[PDB]
Each structure stands twice: as structure tokens, then as C-alpha cells.
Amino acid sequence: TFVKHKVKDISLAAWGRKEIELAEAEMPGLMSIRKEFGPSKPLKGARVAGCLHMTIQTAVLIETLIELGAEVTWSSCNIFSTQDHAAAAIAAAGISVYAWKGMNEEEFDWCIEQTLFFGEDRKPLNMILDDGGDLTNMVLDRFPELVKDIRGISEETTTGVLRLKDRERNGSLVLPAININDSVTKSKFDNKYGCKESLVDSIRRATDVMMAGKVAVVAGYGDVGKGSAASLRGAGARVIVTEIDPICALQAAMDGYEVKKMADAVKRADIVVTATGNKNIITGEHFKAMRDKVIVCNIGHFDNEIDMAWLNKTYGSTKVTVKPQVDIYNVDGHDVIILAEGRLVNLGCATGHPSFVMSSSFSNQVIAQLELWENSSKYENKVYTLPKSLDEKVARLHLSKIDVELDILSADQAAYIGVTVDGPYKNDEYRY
């Protein structure tokens, strides 16, 4: 059975298309890539299956791949992250998209499965574009017959990369993969500035809480945690950080944040944000220790950061939904407010990162797809990163929109520091 697309409400397409146009202006990276590579159609013959939050921003990525000549199918990598107007606009353009806000797990899995075959004649995918490794897992674990004709994987996020490196270690990585999470222009921008933009946004939409006067706990101080703390502080919340890594903890301290163990920090929290990529950050002992009407949410990729299974089993009978993705539990006479059932809060309760920063991440994606499509045979079944020259190009593409003007090295200056005038400007160990 061939289902051309599945979306919540296709009448939202006009609205979606208007926002896609506005987003295009905020995404000069992607648009510049369309101009540069569009005329040559370098992805003619490519059949790219994407599993990645079906947002307005993602719509621009999809249409960039199509302008480069690709066939494209798509699903979301999270049950609450799809923007239904974005999905509708993509479906109205004739594209095979299977995504809506508020799927269940069976629906989620079905959507990914549909993306593996293209058109009524069922031509299988030959490229994977993934965010979290769920599409990758479906193909490698459940459709291994399809790996022969697939040229490569590109992976968006810290958690999916970790899964790929485990596959590499275990000997089950049977395709080359490009890790674009660790492009400088992704990790140091998307994870950091993106969460800075969208964390507080999502908590405000969900709860309309006053930030000034509140204390918030952010678990983790990697790039997501750094940005999350900055989101909260910029809005006027006082932030306490938790960490396991002494270097990251010392960074937080130097950035002005108190750093304590969660067992202590959680007692003082009006707001709790998990940002670790790890599991069991917030457990039953934490829930029992919390202040009344604490707001608890997660901005790491999966919903195991918060022990929702414990919360639902133990206090599920008291659960009251205020509105979609804002649930209140009565834990022993004090309320706990859970956002998006502990799934990615920025995407679940608002619209995720803004278009401008996603243009950098998605510019990296297109470059990686181009590279594997053209050159997959020169790659081993291992995880790679993009060369610095391409990482620098991505940054360069975003400067003009925001009136950032660079000085140009003279030949003398360039020689003196051991670089060429057009870069790369830093050696490969440079941390920015």
C-alpha cells in the first residue's frame, strides 16, 4: 500500500508557505547553496529519506535538496516536534511527508517506514539524513537488504553521533557516516545559541511564568546546557548548574553560575531543565524533594532524562492536563508541572530553534549529502567530520544578512600567522 503523504490538516498549507517564505530570508546559507549548486543538479538520482523534526526550518532544507535534484521523503524524529502548517505546505507541494504534532509510538514508527520507498513504484532510498539515529536504526536493524544501494548517512545530533560511534565500536556500522553535529558551525551555534533562543520561549508559551525572581536548575553544561543557562539568565532567572565533568563545571562557575549536586539543587528550583543526553537525571527522590508547582522539562534529545515511567506509575492517577503538553502531577501534596511529557521542550512547547541558526546546521547537512552522494566510495564505514574549509564557508554565508564585515589579511599578515588569505584560519585542534 502506497500512501503519498500523511499530515494533520492540509488546509494549513497556505499559512505554512507564507512562513516558509519568511524563513527563506532568514536562511541565507541554504538559499546561497541553492544558487551555487542548483543549476548543476548534483543530487539528480538521489532518493533522500530524512528523519528530522518537521518544522518550517526543515521545509527549507527539504526544498533545498529538491532544488539540487533530489527526490525526498520525510518524517519527524520526535512525536511533538512537527509543525503542522510546515508539514501541510510540504505535502501541498507534492512531497511525501509523514508527520504530525502529537503522534503515538506506533504512528511514529509507521511514518519512518513509509519514507524508505519512493513513489507508487516503491524505489528504495539511497541516502539517509538522520537526527537521533532512529531512521538509521530502522534501516540497519530492520531493513538490512536496503543497505547495499544506500551511499551514506548524515547525522545531526550529539545523541545520534554517540549511537553511530557505538555501532563503529561494535562492528555494526555498515555505511559511511558524516557527523555534522560536530561541525563547529553546528555544535557551537545550534546547540548553544539555538537553545538560548528557544528554551525560555518554550517555557513561557507553556506556562507564562515570571522568570525574574525564580531559580532554575540546568542539568549539564555542554553546549546545550550552556545555551539553556544563558536563555534563563537572559530572561532574569537565577541558574544553578549540575555537572559530572569537572572542566564543564569549572566553566559554569567561571560564567557566574552556582554548581551543586542535583539532590541539593532541586530543593531550591522553581524550574528544572535537563540537558545531558544521559538517563535518570530526575528520579523519584528528586520529585519528592521539589517545591510546589515546579516546572520540569527536558531539552536533551530523548525522554529518559526525566523518569517519566516512575512519575506516571506512582502518581499518574492524579494527572491533570492543563492544555496540550502541560501536565500537572500531585506528588505527595506538592504539584509537579511536566512539559511535553519530558520530550524536547523547545520543539514540543514552542517552535524549536529560529530559522537563522538552523540555516547553519542545515547548510552542513546539504554539504554532507552532496559529499556522500558524489564520493561515498572513497569512505570507509566509519564516522567522519567535514573539513574546516567547508565549516568556514557555512559561517561566511551568514555574515551579510547581519552586516558582519571581515577584515582581509594582507599577504604579509597571512604568511606571518601561517595561513592563506581565504583560510582555513585555524588548525584542526582549535576549540573556538
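Numbering starts at 1 and follows the sequence shown.
- Between the stretches 355 to 363 and 199 to 207, it is 355 to 363 that shows the larger average CA temperature factor.
- Of the two segments, 136 to 144 and 186 to 194, the one listed with the higher mean B-factor is 136 to 144 (C-alpha atoms only).
- Looking only at 240, 273, 116, 266, the residue with the top Cα B factor in the deposited structure is 116.
- The top Cα temperature factor in the record, among 47, 53, 393, 401, falls on 47.
- Sort the modelled residues of the chain by CA B factor and residue 280 lands in the middle third.
- Among the modelled residues of its chain, residue 122 has a C-alpha B-factor that falls in the highest third, as given in the PDB entry.
- Sort the chain's modelled residues by C-alpha temperature factor and residue 221 lands in the lowest third, per the entry.
- The PDB entry assigns residue 176 a C-alpha temperature factor belonging to the highest third of its chain's modelled residues.
- Among all modelled residues in this chain, the alpha-carbon of residue 94 has a temperature factor (C-alpha) in the highest third.
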